[PDB]
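**Q** Attaching a single structure in C-alpha cells format; questions to follow.
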Ligand code: HEA
Ligand code: HEA
Ligand SMILES: [Ca+2]
Ligand SMILES: [Cu+2]
Ligand SMILES: [Cu+2]
Ligand SMILES: [Cu+2]
C-alpha cells in the first residue's frame, strides 16, 4: 500500500502561472497557450460568421450595411485561416512533436516563445482595425490587387490587416524553422526517420511548405504596403499588376490550405490505430503520399484563377487531379487501419470518423471545382463556400477536436467527460451539415459569394434560413466543449497511468500524464513506429512482426 | 523560492543511460540534492554567466 | 436531371448544354465514389466493433502492397477520363469564330455596367451596323476601354438591360474602368473576370456564345469582390427575336433611351428578373 | 564531432526562406519588364554602371574576408576573427554608402518610386536587399560585442559561422540581382 | 543524416522539373509568353530546396552515423550531454512587442513610430543574444 | 507480476495503462466529496502543522496494532495523525506519532472519534471523515 | 416571416440541444457507484494523506459505532 490524496490538486497556488506565461521556454506550456488563444480567436471568427448568417437569413438589410458585411466576411475568413488554423498547427506540434521523437525540448526554445508572441500580437494588430472609424478590412481575405490600392479601400483597417499578416507570417516562418531543426537533429537514439509517426512527418512537410509559402506572402504584402504608402506602381494595372498579385497570392494560399490540412491528417493517423487496436496501415505509403501532397501543392496555385482567362487551364487542372490522387490513397490507408479491428467510439475516434465523412465530401466538391468548365459556372458562388468549409471542418475542426480529446489527458493529467464530448460531437455534426449542405444548391442556382443582400425574387430565402439555423446550432455546439474543458481542467477524472487510452502507439504514451519537465525519466528500446505498444504489451512483438504483412 | 530550493538551472540537459533527460542544477549552498536555503530578502542569481 | 444537376438552370447556349452534361457526369462520378467510400466507413463502424467476446488484439497487419497499388492506380484512371472530358468541353466553350454577328463592349465601372453594340453583322446579310466610336476613345489618351454610339448605362435606379437576338452569334468584349468585376449570367453556365486592362495582364476578355436558343429575360450578377455595393450591381439580358432586335436597334439609332425603345418594341420597359436596390443602407433607417 | 550543429541547419533553412522572399521581389521585377515593350529601362533612367561594379566587387571581397574570419574562428583565435569581421563590416558599410549614393543620383535624375514602374521595382528590390545588408551589419556588430563579453567558446564560433552564412547568402543574392538588373536589363 | 538530405533533393528534382515544364509551356501556348511570376517562384522554390539539400548532403558526407540514424541502436549509446537549452527568458515577448510597434508604425504611416520600433527591435535582440553571455557585474 | 498493459521500465517506474473509457482512479465516493476531503485534510494539516491522514479498510483483529502499523508508512509518521475506519468491523481508531505530544491531540482524538461515530450512525463514510478531520485539526495547535 | 424565422433560429438550436442533452447527459458514466455502509467494503485499502507539511508511535485513541 502507498499514500495519496483523495483528489489531485484543483488549481495551483497564487502566482503559479503568470510568470511562467511571460518567461517560459517550455514547449508544452507554449503549446497550451496556442491552443487557448487559437480557440478564443476561433470564437471571435465564429461570432463574425453568426452575424453574417443572421443578416443573410432574410432578403432585407435588417441590421448590417454593405460596408459592415464586407468587413465581417473579410475578417472572419482572415481570423479563421490565419489566427486559428495555422497557429493551432504549431500548438499541436509544440504539444506532442518533442514527445513523439523522444526529445527534451525544441531546437530553439526561445525562438518558439518568440513565434507564439508574434502570432498573438500580429493577430491583435490585424483585428484592431475595427477600432478605426472606417472599420477593419472590407476587401476579402484574398486581397485582390486593384481593389486594395490606395484609391479603392483607402482606410487604415486594410493597412493594419497587411501588417498583422506580416507579423503573424514571420512568427509562422520561425515556428517552421524550429520544427524542421528539432525533427532533423533532436531525435532519441532508437528513433530513425522511418520510425517517427505520421504526425511528425506531416509537421515536417508542413514546415517545409511554410518556408516555401509564407515568405512569398510577406514579399507581396510589402509590395502592397509600398504601393499604398509610397505610391509605388508594383500592382498598377498598367503593368501586369492584377495578375501579378493573383499569382503571388495563390502561390502562397494554396500551400497555406495544405499547411493547415496535413498536420491533422497526421493527428487522425495517430488516433485511428489506437482506438482500432491495430497498426496504422500503409505507414510507408502514408509517408510517400504526404510527401507527394507537399511537393504537388506548389505548382497548382492557379486553379483558383480559372475565371481570369490569363492562365494555362490544362497544366493546372491536370496538376490538381494529380494532387487529388494522394488524398485518396490516404483515405484508403485510414480505412485499412479501421478495417477488421476492434473499434470503440470514445470521443476522439468518433471525431476522426466525422473528419473522414466531412473531408471526403469536401474533397469530392473540390474535384468538381477542379474542372475549368465547371469552375466557369460555380466559381465565386456558394458552391466554393460549401466546398472549402467542408474540407476545413474535415481538417481543422473535427481533427482538431479529435486531437484535443486525445491529448488532453497527456497534457493535463485529467480526462474530459465523454458524455459532454458525445453531445458536443453530435451538435457539431448536425449543425455543420445543416448550415453547409444547402449552399451547394444555393451556389449552383446562382447566388454569388460575398453578397450582403439579395432580392425576395432571387429565390434564395429557404436555403439561407436553413443555413442560418445550422449556423446557430454550430454556435450552441461550442457550449458543451467550453463547459467540458472548463470543468475537466480542475474537477476532471484523474489519470495516474501512462496512456489512459490503452493502446497508444507513439512515444508520448511512454511517459506520465502530464510528462515531467523534459518529458522523459526513461526511454524504451525503440524498434518500430509504435514503441509504446511494444513496451506496454511485450507479448505482442512477435505477433506484430509475424503478422505485419497481409499477404 | 524555486531557485533557493533546487538551485540555478544551468540550461544543460543530459540524457542518462536509461533515457532520463535531466537538467544540470547548480546549488547555491551545500548538498546532502542541495539543502534548501532560506530566503533572506535578497536577489538571487538565475543565469550561470552571472556567477562567473 | 433536375435533381441530379444539383440546381444548375437548364442551358440556353450549346456551350451551356455541354457544360451542364459534363457537370451531370462529374456529379455522378463524385457521388458514386462518395457512396462507395461512405459505405466502407459505415460497414467498418457498424461491424468490426469491439465485442464483449473479443479478448485478444486483432491481426496486427499494416501492409497490403498489391491492394495499395490497385487503389493507387484506380484514381489515376478516373482523373484521366475527367481530364479528357474537361479539356474537350473547355476547348468547345472557347471557340472564337473570327466573324461574329453581334459584338458587345461590356464595360464595368464602380457598381454598374454599360453595353455597346459595337458591330452588328447578320449572317444572312440583312443588317450591318458599325457602332464603334473612335473619337470618344481617343478623347482620353484609358485607351483599353471601348466606347460606342448606342449605349445602356446602368444607374442606381435603372438596371442596365442588354437586348440581343436569338440564334445569332454573340461576342462579349469585357473591360473594367476601375477594378476587377464579374460578368456572370447564371443561364450561360459561364462567367468571366472583368479586369482593368485585360491585354496588359495577358487575359482573354473576349468570349462568344454561338447562339442563344430561346428568347426571354435573364438576370446577371457581379461575381468578383469589388467593394461596398458588390451585391447591388445586377444587370439583365433580354433576348428578343432577330426582327425585333433590328427594330430595337433602329429605334435606338434615332435618339431613344432603352426604356423607350423597349416600349416601342412591345417589351417591358424595365428589368423584370431583377429590381433596383433600395439605396437606404438598411431597414433601420 | 559526431553530430550536426543545429544552429547552422536552422540558419540554412531560414536563409532558404529569405531566398523565397527575394523570389517574390524578383517576380515583381520580371513582371512590368515584359509590359514596358522593350524600352527597359525607360527614360530618364540611365543606370550608372560605373559605381555599381565597384560596390559589387567590394561585396565579393567582403564575402572573402568573412570566410577568412570563419577560418580564424574555427581554430579558436578570437582576435583574427574580430579583425576579419571588422574589415567585412567596414566594406559592407562602404557598399551601403555606395548604394545610397547611386539612389541619390538616380532620384536627382527623375527616377523615383512613384515616378515610374521601373523605379518602383528597382528601388523596391535594391532597397530590400540593402535592408538585409543593414541587418547583416547589425548582426556583425552584435557578434563582435558577444565575442568581447565572454571567453571564446565553440558556441561563439558557431555564432560567427552562421553570421557568415547570412553574409554569404546576402552577397550571392546581390550577385544574382546585379546580373539581372545591370546586365540583362 | 542521409534521409533528410535525400528528401530535400527529391523535392528539388520535382520542383526543377515542374519549373522547367511551366517555363516551356508558357513560352509557347500562353497568351503573353512566359508568365514570369509562377516561373520565378518555382525556380526559386527549386533553389530553396537545393540549398537545404546541399547543406544537409555536405553534413552527411562529413558525419559518422548517429544513434538516431542507426537502427538497432540502444538508449545507452545516446547517453551523455546534449547541449544548452535556455531554461527561461522574457526577451521574446519584448522582441515581439518591438516588432509590433514597428509594424503599427508602418501600417499607419508614421516614420517616428517606425524608427522607435526599429530601435526597440535592436535593443530587444541585443538583450536576447547577450542574455547568457553578460558577465558578473564588476563593482 | 504486472497487470495487463503494464511494463517495467529502466528507472524502476511502473508504466501502466487503462482501458479506453475506463478510469485510473475509481474510489467508491463522489468526486466533489473527495475534493472536500482533500481540502479538509490539506487545510487542517496546514493550520496544525501536522500531517492528517485517513485510512479506510479492513483492520482484522487487534485494531490498535493494525493502525499503529499503518501509521509508520506515512511520509512523516512522527508528525502524523492517522484516523482509521473499518466499516466491515465497524471500528474507528486514531493513532498519532511521538512528536505530536502535548500539542492538543490528547483531548481531541476522542473528539474526532465521537464526531466520526455520530456521522457513521446515519450512514455517511466520507462525511464522517470530513467532520472527524475538521474537529481533530481544530483541536491541535502547531508545535 | 420576421415573426416566424426569428423563432426558428432562436428555438431549433434550443430544442436540438434539449433532446441531445436528454439522450447523452442522463446516461451512466464510468465513475463507480458510491459505497453504502450496509454493504461490505470490497474496495482495496485506502490511505490518504494531506501531504501539506513537506516510526515510533507515542499516542492513540479508539472507539466504535
Ligand atoms: C483544408 C484546406 C483545403 C484542402 C485540403 C483543399 C483541397 C482541394 N481543393 Fe480547395 N479550397 C480551399 C481549401 C482547401 N482545398 C479554400 C480555403 C478555397 C477558397 C479560397 C478563397 O477563394 O477564399 C478553396 C478553393 C478551391 C478551388 C478554387 C475555386 C475558386 O477559387 O473559385 C479549387 C479548384 O480546383 C479547389 C479544389 C480542391 C481539390 C481538387 C482538392 C484536393 O486536395 C481534394 C482531395 C480529396 C479527394 C480527391 C477526395 C478523396 C479521394 C478519394 C476518395 C479517391 C477517389 C476520388 C476521386 C477519383 C475523385 N478548392
Ligand atoms: C477555418 C476555416 C473556416 C471556419 C472554421 C469557418 C467558420 C464558419 N463559417 Fe466561414 N469562411 C471561411 C472559412 C471558415 N469558416 C473562408 C476562407 C471565408 C472567406 C472570407 C472571404 O471571402 O474573405 C469564409 C466566409 C464565410 C462564408 C461566405 C460568405 C459569403 O461569401 O457571402 C460563409 C457562408 O455561410 C461562412 C459561414 C461559416 C459558419 C456558419 C461557420 C461556423 O463554423 C462558425 C462556428 C463558430 C461559432 C458559431 C462561434 C460561436 C459564438 C459564440 C459561442 C459566442 C462567443 C463569442 C465571443 C464571446 C467572442 N463563412
Ligand atoms: Ca439580409
Ligand atoms: Cu486551393
Ligand atoms: Cu474567384
Ligand atoms: Cu461588382
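**Q** Can you confirm whether region G:17-27 contains a residue that is in contact with a helix residue (DSSP H, G or I) (Cβ under 7 Å, 6 or more places away or on another chain), surrounded by 12 or more Cβ atoms within 10 Å (Cβ to Cβ), part of a loop (DSSP other than H, G, I, E, B) and within 14 Å of chain F (Cβ to nearest Cβ)?
**A** Here is the first cut: in region G:17-27, the ones in contact with a helix residue (DSSP H, G or I) (Cβ under 7 Å, 6 or more places away or on another chain) are G:17, G:20-21, G:24-25, G:27.
Adding the requirement that they be surrounded by 12 or more Cβ atoms within 10 Å (Cβ to Cβ) leaves G:17, G:20-21, G:24-25.
Those still in the list that are part of a loop (DSSP other than H, G, I, E, B) too: G:25.
In the following step, the residues that additionally are within 14 Å of chain F (Cβ to nearest Cβ) were identified as none.
No: zero hits.
**Q** If you go through region G:35-55, how many residues are more than 19 Å from residue F:84 (Cα to Cα) and surrounded by fewer than 14 Cβ atoms within 10 Å (Cβ to Cβ)?
**A** 1
**Q** Considering only region A:271-291, I want to know if a residue exists there that is more than 12 Å from ligand 4 (Cβ to nearest atom), in contact with a helix residue (DSSP H, G or I) (Cβ under 9 Å, 6 or more places away or on another chain) and within 16 Å of residue A:396 (Cβ to Cβ).
**A** We begin by selecting, within region A:271-291, every residue more than 12 Å from ligand 4 (Cβ to nearest atom); these are A:271-291.
Those still in the list that are in contact with a helix residue (DSSP H, G or I) (Cβ under 9 Å, 6 or more places away or on another chain) too: A:271-276, A:278-291.
When the remaining residues are screened for being within 16 Å of residue A:396 (Cβ to Cβ), the result is A:271.
So far as region A:271-291 goes, yes, one or more of its residues are more than 12 Å from ligand 4 (Cβ to nearest atom), in contact with a helix residue (DSSP H, G or I) (Cβ under 9 Å, 6 or more places away or on another chain) and within 16 Å of residue A:396 (Cβ to Cβ).
**Q** For region C:206-232, which residues satisfy the criterion of being surrounded by 21 or more Cβ atoms within 10 Å (Cβ to Cβ), assigned to a loop (DSSP other than H, G, I, E, B) and within 16 Å of ligand 5 (Cβ to nearest atom)?
**A** C:222, C:223, C:224, C:225, C:226, C:230, C:231
**Q** Now for a different question. For the structure I just gave you, tell me whether residue A:371 is under 30 Å from residue A:519 (Cβ atoms) and touching a helix residue (DSSP H, G or I) at 6+ places or on another chain (Cβ under 6 Å).
**A** In short, no.
**Q** Which numbered condition trips up residue A:312, out of (1) away from ligand 5 (no atom under 14 Å from the Cβ); (2) within 7 Å of chain C (Cβ to nearest Cβ)?
**A** (2)
**Q** Quick test of your reading of the structure: residue G:14 fulfils all but one of (1) part of a helix (DSSP H, G or I); (2) within 7 Å of another protein chain (Cβ to nearest Cβ). Name the failing condition by number.
**A** Tallying (1) part of a helix (DSSP H, G or I); (2) within 7 Å of another protein chain (Cβ to nearest Cβ), residue G:14 fails exactly one: (2).
**Q** I'm checking my understanding of the structure. Among residues of region B:19-52 that are in contact with a helix residue (DSSP H, G or I) (Cβ under 7 Å, 6 or more places away or on another chain) and within 29 Å of residue A:525 (Cβ to Cβ), which one is surrounded by the most Cβ atoms within 10 Å (Cβ to Cβ)?
**A** This residue is B:19.
**Q** Consider residue C:90 against the criteria (1) facing chain A (nearest Cβ under 10 Å); (2) out of contact with any helix residue (DSSP H, G or I) (no Cβ under 6 Å at 6 or more places or on another chain); (3) within 26 Å of residue C:221 (Cβ to Cβ); (4) surrounded by 19 or more Cβ atoms within 10 Å (Cβ to Cβ): it satisfies all of them except one. Which criterion is unmet?
**A** Of (1) facing chain A (nearest Cβ under 10 Å); (2) out of contact with any helix residue (DSSP H, G or I) (no Cβ under 6 Å at 6 or more places or on another chain); (3) within 26 Å of residue C:221 (Cβ to Cβ); (4) surrounded by 19 or more Cβ atoms within 10 Å (Cβ to Cβ), only one is false for residue C:90: (2).
**Q** Which is more than 11 Å from chain D (Cβ to nearest Cβ), within 30 Å of residue A:215 (Cα to Cα), crowded, with 21+ Cβ neighbours inside 10 Å and in contact with a strand residue (DSSP E or B) (Cβ under 8 Å, 6 or more places away or on another chain), of E:103, E:86?
**A** Unique residue meeting the criteria: E:86.
**Q** Starting from residues that are at the interface with chain A (Cβ under 7 Å from one of its Cβ atoms) and in contact with a strand residue (DSSP E or B) (Cβ under 7 Å, 6 or more places away or on another chain), keep the ones in region C:187-196 and report whichever is nearest to ligand 5 (Cβ to nearest atom).
**A** Ranking the candidates gives C:193 first.
**Q** Of the residues A:69, A:73, A:90, which single one is within 20 Å of the chain's Cα centre (by Cα), under 20 Å from residue A:127 (Cβ atoms) and either within 16 Å of ligand 6 (Cβ to nearest atom) or within 14 Å of chain B (Cβ to nearest Cβ) (or both)?
**A** Only one candidate qualifies: A:73.
**Q** Let me confirm something: among F:54, F:100, F:95, which residue is closer than 19 Å to residue G:54 by Cα, in contact with a helix residue (DSSP H, G or I) (Cβ under 8 Å, 6 or more places away or on another chain) and at the interface with another protein chain (Cβ under 7 Å from one of its Cβ atoms)? Let's see the steps before the verdict.
**A** On the way: F:100 fails: in contact with a helix residue (DSSP H, G or I) (Cβ under 8 Å, 6 or more places away or on another chain); F:95 fails: closer than 19 Å to residue G:54 by Cα.
Going through F:54, F:100, F:95 in turn, just one is closer than 19 Å to residue G:54 by Cα, in contact with a helix residue (DSSP H, G or I) (Cβ under 8 Å, 6 or more places away or on another chain) and at the interface with another protein chain (Cβ under 7 Å from one of its Cβ atoms): F:54.
**Q** Another question about this same structure. Give A:264, A:251 a once-over and let me know the one that is crowded, with 24+ Cβ neighbours inside 10 Å, under 16 Å from the mean Cα position of the chain (by Cα) and more than 13 Å from chain C (Cβ to nearest Cβ).
**A** From the options A:264, A:251, the qualifying one is A:264.
**Q** Here's a check for you: in region A:420-456, which residue that is at the interface with another protein chain (Cβ under 7 Å from one of its Cβ atoms) and within 17 Å of residue A:482 (Cα to Cα) is nearest to ligand 6 (Cβ to nearest atom)?
**A** My answer is A:427.
**Q** Further, regarding this structure: Tell me which of these residue A:142 doesn't satisfy, since it passes every other one: (1) surrounded by fewer than 21 Cβ atoms within 10 Å (Cβ to Cβ); (2) more than 16 Å from ligand 5 (Cβ to nearest atom); (3) under 19 Å from the mean Cα position of the chain (by Cα).
**A** Of everything listed in (1) surrounded by fewer than 21 Cβ atoms within 10 Å (Cβ to Cβ); (2) more than 16 Å from ligand 5 (Cβ to nearest atom); (3) under 19 Å from the mean Cα position of the chain (by Cα), residue A:142 misses just condition (2).
**Q** Do we find that residue A:335 is part of a helix (DSSP H, G or I), within 9 Å of ligand 1 (Cβ to nearest atom) and surrounded by fewer than 23 Cβ atoms within 10 Å (Cβ to Cβ) in this structure?
**A** No; evaluated as a whole, the condition is false for this residue.
**Q** Please specify each residue of region A:302-324 satisfying the condition of being out of contact with any strand residue (DSSP E or B) (no Cβ under 6 Å at 6 or more places or on another chain), assigned to a helix (DSSP H, G or I) and within 16 Å of ligand 2 (Cβ to nearest atom).
**A** A:303, A:304
**Q** To continue, here is another question. For region A:444-467, what are the residues that are within 16 Å of ligand 1 (Cβ to nearest atom) and farther than 18 Å from residue A:52 by Cβ?
**A** Matches in region A:444-467: A:444, A:446.
**Q** Which one is nearest to ligand 4 (Cβ to nearest atom), of the residues in region C:182-198 that are more than 8 Å from the chain's Cα centre (by Cα) and not in a strand (DSSP E or B)? Let's see the steps before the verdict.
**A** Narrowing region C:182-198 to residues more than 8 Å from the chain's Cα centre (by Cα): C:182, C:193-198.
With not in a strand (DSSP E or B) added as a condition, the list becomes C:195-198.
Values: C:195: 21, C:196: 25, C:197: 26, C:198: 24 Å.
Taking the candidates together, the pick is C:195.
**Q** Now for a separate question. For residue F:65, state whether it is in a helix (DSSP H, G or I), surrounded by fewer than 18 Cβ atoms within 10 Å (Cβ to Cβ) and out of contact with any helix residue (DSSP H, G or I) (no Cβ under 8 Å at 6 or more places or on another chain).
**A** yes
**Q** Let me ask something additional. So residue E:70 clears everything in (1) at the interface with chain A (Cβ under 9 Å from one of its Cβ atoms); (2) under 23 Å from residue A:123 (Cα atoms) except one condition, right? Which one?
**A** (2)
**Q** Taking the options A:388, A:393, A:376, name whichever one is more than 14 Å from ligand 4 (Cβ to nearest atom) and more than 11 Å from every other protein chain (Cβ to nearest Cβ).
**A** Testing whether each residue is more than 14 Å from ligand 4 (Cβ to nearest atom) and more than 11 Å from every other protein chain (Cβ to nearest Cβ) leaves just A:393.
**Q** Looking only at region A:53-94, count every residue that is under 30 Å from residue G:3 (Cβ atoms) and within 16 Å of ligand 4 (Cβ to nearest atom) and tell me the total.
**A** Going through region A:53-94 one residue at a time, the tally reaches 0.
**Q** Could you pull out the residue among D:27, D:72 that is surrounded by 19 or more Cβ atoms within 10 Å (Cβ to Cβ), over 14 Å from the mean Cα position of the chain (by Cα) and under 17 Å from residue D:128 (Cα atoms)?
**A** Exactly one of D:27, D:72 is surrounded by 19 or more Cβ atoms within 10 Å (Cβ to Cβ), over 14 Å from the mean Cα position of the chain (by Cα) and under 17 Å from residue D:128 (Cα atoms), namely D:27.
**Q** Sticking with this structure for a sec: Among the residues of region C:264-274, is there at least one that is within 16 Å of ligand 6 (Cβ to nearest atom) and crowded, with 24+ Cβ neighbours inside 10 Å?
**A** no
**Q** Test residue A:370 against the stated conditions and say whether it is within 16 Å of ligand 6 (Cβ to nearest atom), within 10 Å of chain C (Cβ to nearest Cβ) and within 24 Å of residue C:225 (Cβ to Cβ).
**A** no
Values in this text are rule-based calculations from the coordinates and carry no lab data. So basically every Cβ, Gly included, is an ideal-geometry build from the backbone, and we count neighbours across all protein chains shown.
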